[PDB]
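As you go down the protein sequences, you meet chains P, F, Z and U in turn.
For any residue, its number in the deposited numbering is found by taking its place in the first sequence, counting from 1, and adding 376.
For any residue, its number in the deposited numbering is found by taking its place in the second sequence, counting from 1, and adding 4.
For any residue, its number in the deposited numbering is found by taking its place in the third sequence, counting from 1, and adding 4.
For any residue, its number in the deposited numbering is found by taking its place in the fourth sequence, counting from 1, and adding 4.
Positions of the beta carbon are idealized from the N, C-alpha and C atoms, including for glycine.
Inspection log for the structure reproduced underneath, given as structure tokens.
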Amino acid sequence: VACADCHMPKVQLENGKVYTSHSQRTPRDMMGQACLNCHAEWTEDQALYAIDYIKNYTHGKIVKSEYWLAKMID
Amino acid sequence: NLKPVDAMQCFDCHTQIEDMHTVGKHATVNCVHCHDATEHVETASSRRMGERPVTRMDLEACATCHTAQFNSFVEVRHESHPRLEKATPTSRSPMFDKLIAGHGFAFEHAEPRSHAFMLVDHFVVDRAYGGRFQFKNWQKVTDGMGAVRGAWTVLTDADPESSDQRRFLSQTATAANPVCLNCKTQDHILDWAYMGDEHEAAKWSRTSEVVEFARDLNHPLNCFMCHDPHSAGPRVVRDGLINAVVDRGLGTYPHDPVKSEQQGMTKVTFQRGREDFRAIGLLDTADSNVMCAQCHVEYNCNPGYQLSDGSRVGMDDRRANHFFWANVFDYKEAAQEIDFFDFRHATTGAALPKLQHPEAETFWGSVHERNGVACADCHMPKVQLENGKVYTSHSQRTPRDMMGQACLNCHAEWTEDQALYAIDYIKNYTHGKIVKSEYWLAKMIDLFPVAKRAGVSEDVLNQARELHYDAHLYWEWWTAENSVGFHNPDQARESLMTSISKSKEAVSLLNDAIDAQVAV
Amino acid sequence: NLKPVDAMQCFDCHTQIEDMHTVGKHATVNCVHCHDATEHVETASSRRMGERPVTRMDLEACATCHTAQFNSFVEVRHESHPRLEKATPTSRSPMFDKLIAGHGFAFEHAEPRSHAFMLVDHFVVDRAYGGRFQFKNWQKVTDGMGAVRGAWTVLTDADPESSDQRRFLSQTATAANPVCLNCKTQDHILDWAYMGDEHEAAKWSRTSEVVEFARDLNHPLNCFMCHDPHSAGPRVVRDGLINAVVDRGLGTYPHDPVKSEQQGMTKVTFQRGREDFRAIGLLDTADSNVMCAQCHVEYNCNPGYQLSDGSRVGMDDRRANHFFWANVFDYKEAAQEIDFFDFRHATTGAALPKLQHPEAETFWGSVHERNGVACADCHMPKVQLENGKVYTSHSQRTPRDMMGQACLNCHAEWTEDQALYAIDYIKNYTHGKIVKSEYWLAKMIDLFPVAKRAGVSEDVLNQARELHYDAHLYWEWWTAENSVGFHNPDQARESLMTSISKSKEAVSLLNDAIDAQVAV
Amino acid sequence: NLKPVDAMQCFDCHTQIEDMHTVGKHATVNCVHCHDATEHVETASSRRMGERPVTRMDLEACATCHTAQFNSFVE
Ligand code: HEC
Ligand code: HEC
Ligand code: HEC
Ligand code: HEC
Ligand code: HEC
Ligand code: HEC
Ligand code: HEC
Ligand code: HEC
Ligand code: HEC
Ligand code: HEC
Ligand code: HEC
Ligand code: HEC
Ligand code: HEC
Ligand code: HEC
Ligand SMILES: O=N[O-]
Ligand SMILES: O=N[O-]
Ligand SMILES: O=N[O-]
Ligand SMILES: O=N[O-]
Ligand SMILES: [Ca+2]
Ligand SMILES: [Ca+2]
Ligand SMILES: [Ca+2]
Ligand SMILES: [Ca+2]
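Given below as structure tokens:
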């Protein structure tokens with residue numbers, strides 16, 4: 377998988393000539409084309425939930441990392 | 005990958021192309037994008053073609069550099085109901101079968117749908133080819149991109165071994181003829197002489213076997229119908245339109261000589277063996293009124309009969325390819341001018357015209373047309389973007405889908421709901437008069453068998469038939485025209501009231517004659 | 005609280021029940037859930053019933069352990085318009101009154117609504133019981149759960165003191181008879197002999213007073229119509245269906261002997277005093293095509309007349325309970341096979357069939373049926389859950405409400421709008437041909453009085469009446485069938501074109517005969 | 005309106021560009037779309053630039069033929 381698969385995927389059209397989106401942005405804006413096409417087992421809410429599980433856990437450890445760096449700095 | 009050819013080598017022979025190509029916005033676009041001419045260059049002389057070069061007519065030839073306009077063009081509007089028969093109580097003409105009896109449209113006449121389907125819909129409608137052509141299956145009806153790629157990628161022919169027009173199912177007709185195709189495709193633009201006259205250099209003409217012609221055609225509404233591929237400048241290619249505007253000298257706006265001069269057309273003719281062969285009309289301005297009038301007009305594209313003596317007018321006659329270029333109040337005179345009518349009513353025996361989608365001629369003289377508004381302003385406006393390069397939408401559809409760009413930009417005093425309400429006030433009032441007109445036409449039509457059977461004289465029946473012509477014209481214009489009066493509401497109202505008046509006159513004439521017979 | 009009974013004690017006598025109950029998925033479900041048999045056990049012998057045990061027929065007997073399927077079944081689809089008369093310009097059959105004149109359906113024929121209401125709607129429709137039964141007030145029309153709980157909890161009887169069929173309001177009919185109830189309820193499953201034959205052990209039969217029968221019935225579409233309560237295995241209980249498939253040997257799929265073998269039915273018979281009494285058909289597979297064909301078929305459930313001699317066929321005849329089990333192109337032969345027609349047209353005098361909702365026989369041979377798709381796949385699919393135990397929806401309704409589960413799972417190439425567009429293309433085209441068929445039927449019908457009054461001969465009028473039979477059949481199939489052609493579009497198209505052809509033939513015959521009379 | 009230049013004349017001194025341009029999917033795209041080299045061509049030799057030609061770096065140089073990619077980019 378590469379950055380473009382999640383952040384600038386091909387446009388999906390009912391009728392038309394396919395081209396590649398050049399709006400590089402979060403996959404949350406185009407989940408059908410950026411995630412759900414590979415993850416058939418998920419609804420959009422399930423895929424968002426899986427993202428947020430990782431970001432929530434990571435951000436918690438960033439905050440704890442800063443708490444300890446700040447305690448040392450002080 | 006494409007390799008460019010030496011255009012200067014072409015221009016040595018093709019001076020008209022040189023004059024157009026070197027000056028316009030396609031001066032950097034190489035011939036190889038649309039032509040394969042290698043063997044042609046090896047064999048042509050200054051006056052003889054030699055081997056014929058290949059010319060691409062597919063819309064994807066333009067989609068490579070103009071993807072936004074192409075993608076907009078091929079969109080399917082699913083809200084435009086498909087295969088919706090007009091002769092039903094919930095559509096445009098509840099009493100159409102009774103009123104049109106004797107004409108091929110009684111076999112099927114659906115409402116229009118998105119442009120991508122025009123050629124496939126032409127091929128499959130029940131009135132056209134005896135039911136010979138069908139979609140490969142009922143799922144293909146959704147496939148707009150497929151139809152654009154080519155009719156024969158989504159259709160089947162019930163009998164590839166024969167080329168005659170015949171019925172394959174009982175309730176079909178074989179009304180299609182080569183002239184129809186000119187408003188569905190221009191794939192034949194190099195194979196058709198101006199007006200569809202017989203010509204040594206034309207493979208196809210008005211008198212061709214239409215089933216064989218059909219098989220050679222693939223693409224709907226080619227991009228180059230409105231845009232010259234050499235200059236990229238605005239134009240029309242439709243011979244019937246050029247004939248009305250230029251040859252007959254009627255102008256682009258027959259009611260307005262000044263606007264006709266400012267927004268005119270220059271006929272350019274191309275030859276084969278130094279004899280005139282085909283023509284285009286270059287426009288002074290990018291005027292969509294005239295571009296859309298290549299098809300959205302009342303026309304003849306069919307055999308018929310002479311008003312004077314009732315004799316047959318066949319596909320071989322020039323009248324079988326004709327733009328009347330007349331509003332509803334000038335139409336009867338325009339039909340007298342060429343001594344033509346379309347069919348005899350199956351019940352009344354009256355000589356009648358058949359009217360078709362006269363949007364362009366209806367729009368003339370309307371408040372919007374008089375203020376310089378054109379079809380594209382309401383039906384294919386500029387796209388509005390917060391950040392982006394503006395381009396023109398090519399999805400021709402009702403303004404209800406883009407009211408901000410199609411109406412409310414000029415009508416700043418209205419909300420979207422108020423603008424919709426104004427449109428519906430006109431459509432509701434107009435439809436009510438169409439329905440009343442049909443009621444009166446039907447009442448008259450029903451009296452003909454009663455009058456004949458009661459022994460009413462031919463002289464009286466003929467007087468009623470002359471009234472039927474006018475009652476019919478002044479009604480059918482409005483079921484044929486697609487705006488339900490919006491394009492010209494005062495004209496629709498005056499015309500529909502005239503239809504009713506004529507029918508009432510005919511009813512009174514017939515009732516009195518029947519009553520007198522019974523009294524004897 | 006329920007206390008279990010000793011099932012082994014029952015099984016001592018009930019060996020058929022034992023063989024079914026001990027093997028299937030209800031082997032742990034005690035008899036007390038559905039039967040109160042204490043006094044029965046005390047008094048029965050191996051061949052005599054003794055006191056009759058109570059058997060629960062209410063759907064709540066199953067709702068205790070299967071709440072999800074019950075709650076799904078009783079949902080009311082408010083978008084399915086209620087009490088919507090089909091004989092209007094905006095519904096299925098704009099010219100129904102003229103075409104059906106002479107038949108009881110002219111008094112009222114509404115579109116179907118949700119299954120919860122089937123029995124109450126049967127009781128209150130204007131054509132059924134002379135207007136005898138009404139909802140307790142106009143608010144009760146919304147109460148689906150109430151109707152399921154029991155018809156008599158939401159209805160009133162205008163005269164509990166009489167049991168005759170009569171008109172209580174002027175524009176009603178009394179078309180109901182005991183056979184109708186078999187497609188509304190199976191509360192009478194233990195009180196009705198197979199086919200509704202007279203039988204010593206049956207309280208009710210084809211010849212019962214229908215008002216008295218009506219009063220004994222409460223619940224719509226019982227869960228056990230498709231599920232054996234003893235084995236929990238798939239089945240049908242409808243006698244007419246078992247008679248077509250098994251007794252007449254036609255099979256579950258008459259056009260396909262192989263599929264008939266793989267997806268067959270085994271007739272199981274239950275006796276009273278060691279004589280055959282009632283029967284069920286156990287299915288080889290959980291095949292909804294055959295389960296839904298207990299009701300969604302063309303049938304006779306009414307008296308009529310013989311084609312051969314015009315004589316009356318009454319409720320006492322087996323033909324008054326009959327599944328034709330024939331597609332539209334085999335129907336005329338199926339009606340000749342039993343020498344039967346339904347009514348004489350009030351205006352033309354023609355012997356005519358009356359067609360009813362033939363969904364099952366229409367679906368045969370369609371692309372979907374040939375690919376192994378069944379009614380439940382589009383009308384009662386598996387529920388899709390992010391997290392949960394999957395069960396089958398029991399809300400039988402249009403797939404438009406669950407397109408992801410009903411269509412788009414098999415048609416991965418389409419969006420919901422594209423799939424809807426494909427359905428509407430078929431429905432629009434089919435409806436247009438229904439409307440044209442009615443136009444031609446009406447034109448013919450209108451000529452009968454004119455022809456009679458002009459002195460046209462009986463021989464010619466009889467030729468026209470024979471044409472009317474076919475014109476009628478090939479049209480009415482499609483206003484009766486609820487998919488507006490979707491279930492089999494090529495068949496609808498061929499049939500409706502045949503209807504039109506027959507009417508046109510009849511119009512020409514009558515016009516020529518009238519013209520000849522006037523000429524003399 | 006743009007007027008095409010003689011690309012072959014350019015390639016007499018620009019063999020490295022020739023080998024890329026003639027072979028890829030821009031073989032038909034004339035240099036005038038992105039370069040203004042009139043005075044350069046009047047003054048250059050294969051060994052002396054002469055007047056420096058102008059090269060367009062604006063994204064609109066691509067947006068004429070690739071409006072969809074450009075419009076999606078600038079959102
Ligand atoms: C899908 C499997 C992904 C691939 C491959 C790449 N990225 Fe990604 N990225 C992804 C997610 C789910 C998120 C979080 C977005 C959210 O809304 O929570 C991101 C985030 C970014 C961001 C920040 C985007 C924003 O929140 O606005 C950037 C700048 C980004 N990613 C860049 C990026 C690059 C350069 C990649 C290839 C090396 C790449 N991503 C891969 C999902 C996916
Ligand atoms: C790197 C960050 C990019 C920039 C800056 C631009 N584009 Fe692009 N383009 C990019 C990728 C990863 C792809 C898809 C490649 C693949 O095959 O998967 C593209 C594709 C194109 C195309 C081809 C047609 C299509 O797939 O849409 C064109 C014509 C194209 N890109 C044009 C384009 C223009 C005009 C840009 C400036 C506005 C642009 N690209 C920037 C990566 C990158
Ligand atoms: C003189 C020797 C010629 C050269 C070099 C080229 N063409 Fe030509 N062409 C020539 C003639 C005499 C004709 C017949 C029409 C006429 O003007 O008298 C043509 C025709 C074409 C057509 C129309 C083909 C058709 O199907 O009708 C096309 C598209 C065409 N020519 C293109 C073309 C191109 C692209 C050339 C350079 C590669 C070219 N021609 C060279 C005479 C001569
Ligand atoms: C790329 C190789 C092209 C192909 C193939 C086609 N066109 Fe084109 N077109 C091209 C350019 C670079 C331009 C000029 C852009 C600018 O604004 O400077 C154009 C312009 C047009 C126009 C506008 C003309 C005008 O305003 O006077 C139209 C209507 C147009 N092009 C249409 C068109 C059609 C119908 C094509 C298929 C036959 C087509 N173009 C091919 C680049 C390319
Ligand atoms: C002949 C080649 C045509 C030209 C030029 C234009 N139109 Fe057209 N139009 C044409 C046909 C044959 C059809 C029906 C297609 C079918 O398969 O049924 C149409 C349809 C329309 C519609 C209805 C679209 C819908 O959503 O139902 C509109 C609004 C329309 N046409 C407008 C239109 C405009 C504004 C034009 C000039 C820009 C134009 N058309 C040109 C045939 C042709
Ligand atoms: C240009 C002057 C036209 C000629 C010649 C033909 N048609 Fe046409 N057609 C035209 C337009 C502008 C439209 C859309 C507007 C409308 O009112 O329909 C159409 C539409 C069709 C359709 C779709 C609608 C329908 O009537 O079912 C069919 C099937 C169709 N046209 C067929 C047809 C045939 C068989 C023709 C020759 C007899 C014919 N068309 C000529 C424009 C023009
Ligand atoms: C007539 C019925 C048209 C057909 C067929 C096509 N286009 Fe068009 N185009 C049309 C109009 C009225 C306009 C606007 C002119 C104005 O100045 O108001 C356009 C414009 C273009 C342009 C210019 C850039 C823009 O404004 O979008 C291009 C590049 C263009 N059109 C391309 C194009 C292509 C590729 C088509 C086939 C898919 C096509 N046009 C058909 C009218 C008509
Ligand atoms: C705005 C002032 C308009 C101009 C200029 C033109 N038309 Fe129009 N059209 C207009 C409206 C408000 C409507 C009714 C649409 C609705 O949804 O109620 C129409 C209708 C059409 C149609 C049928 C469209 C449909 O309902 O699907 C066609 C085919 C059409 N108009 C064509 C047309 C042409 C060819 C014009 C220039 C001659 C034209 N219209 C001008 C608004 C406006
Ligand atoms: C609880 C005491 C029950 C009552 C009352 C009814 N049913 Fe039942 N059913 C019950 C169980 C425990 C099971 C098996 C669950 C499992 O999957 O193992 C069932 C099964 C069914 C089935 C599925 C049968 C099969 O797949 O072969 C059906 C169709 C079914 N039950 C229907 C049904 C009906 C119609 C009832 C009312 C007459 C009914 N059940 C009562 C538990 C209980
Ligand atoms: C006889 C006992 C029936 C069986 C078995 C099935 N159906 Fe039925 N259905 C029946 C009636 C009498 C009615 C009309 C009820 C009323 O009060 O009007 C219906 C209705 C439907 C509908 C329409 C529902 C709506 O929303 O309007 C559908 C879609 C339907 N029926 C489908 C259906 C299916 C798929 C069946 C097998 C699973 C089935 N029905 C069985 C009578 C009977
Ligand atoms: C099974 C073979 C049936 C017999 C016997 C009867 N009906 Fe029926 N009915 C049946 C179905 C599958 C449906 C829904 C489909 C449809 O097209 O309606 C119905 C519907 C009704 C309705 C509601 C619709 C209406 O016509 O108003 C009523 C009032 C109704 N049925 C009454 C009725 C009477 C009086 C019957 C005996 C003469 C009768 N039905 C028989 C299935 C079956
Ligand atoms: C025929 C018209 C049916 C009626 C009446 C009832 N159900 Fe049903 N049921 C039906 C089908 C076609 C299926 C699916 C079988 C398959 O394997 O595809 C079902 C399934 C059940 C089940 C099994 C679990 C599940 O899949 O949901 C149960 C427990 C069940 N049905 C119960 C049930 C009850 C309680 C009913 C009365 C409210 C009922 N069914 C009616 C067909 C029919
Ligand atoms: C999917 C491939 C289907 C199968 C298998 C069956 N039916 Fe169907 N039905 C289908 C569609 C797309 C429609 C039209 C619905 C719409 O909203 O347009 C229908 C319609 C019905 C109806 C009327 C439903 C309503 O509009 O309220 C009934 C009563 C019905 N179908 C019954 C039915 C039966 C009994 C089937 C098996 C024999 C059956 N259908 C198969 C889609 C599908
Ligand atoms: C019209 C005169 C063009 C200008 C200016 C630019 N490009 Fe282009 N590009 C053009 C054509 C006709 C094609 C081939 C289309 C086809 O599919 O055959 C292309 C192709 C591209 C691609 C795809 C290349 C590949 O897949 O190998 C890209 C990424 C692309 N073009 C990018 C691009 C950029 C970044 C430009 C500005 C510097 C640019 N193009 C100008 C036509 C034209
Ligand atoms: O019907 N002649 O092609
Ligand atoms: O039938 N097309 O005007
Ligand atoms: O009408 N007899 O029940
Ligand atoms: O009227 N019920 O088929
Ligand atoms: Ca439309
Ligand atoms: Ca005409
Ligand atoms: Ca319904
Ligand atoms: Ca029947």
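Can you tell me whether residue i is helix, strand or coil according to DSSP?
{"i": "residue 395 of chain F", "result": "coil"}
{"i": "residue 182 of chain F", "result": "helix"}
{"i": "residue 7 of chain F", "result": "coil"}
{"i": "residue 366 of chain F", "result": "helix"}
{"i": "residue 39 of chain F", "result": "strand"}
To which residues does DSSP link residue i through a beta bridge?
{"i": "residue 283 of chain F", "result": "F:273"}
{"i": "residue 327 of chain F", "result": "F:303"}
{"i": "residue 240 of chain Z", "result": "Z:285"}
{"i": "residue 345 of chain Z", "result": "Z:309"}
Taking C-beta to C-beta, are residue i and residue j nearer than 8 Å?
{"i": "residue 365 of chain F", "j": "residue 331 of chain F", "result": "yes"}
{"i": "residue 310 of chain Z", "j": "residue 344 of chain Z", "result": "yes"}
{"i": "residue 212 of chain F", "j": "residue 201 of chain F", "result": "no"}
{"i": "residue 514 of chain Z", "j": "residue 446 of chain Z", "result": "no"}
{"i": "residue 478 of chain Z", "j": "residue 503 of chain Z", "result": "yes"}
{"i": "residue 198 of chain Z", "j": "residue 280 of chain Z", "result": "yes"}
{"i": "residue 127 of chain F", "j": "residue 399 of chain F", "result": "no"}
Check the C-beta distance from residue i over to residue j and give it rounded, since I have them as a contact under 8 Å.
{"i": "residue 7 of chain U", "j": "residue 33 of chain U", "result": "Rounded, the Cβ-Cβ distance is 14 Å, inconsistent with contact."}
{"i": "residue 249 of chain F", "j": "residue 298 of chain F", "result": "Going by Cβ atoms, the distance from residue 249 of chain F to residue 298 of chain F rounds to 11 Å, so no, they are not a contact pair."}
Distance, Cα to Cα, residue i vs residue j?
{"i": "residue 98 of chain Z", "j": "residue 83 of chain F", "result": "24 Å"}
{"i": "residue 9 of chain U", "j": "residue 41 of chain F", "result": "22 Å"}
{"i": "residue 110 of chain F", "j": "residue 131 of chain F", "result": "8 Å"}
{"i": "residue 406 of chain P", "j": "residue 390 of chain P", "result": "16 Å"}
{"i": "residue 244 of chain F", "j": "residue 431 of chain F", "result": "30 Å"}
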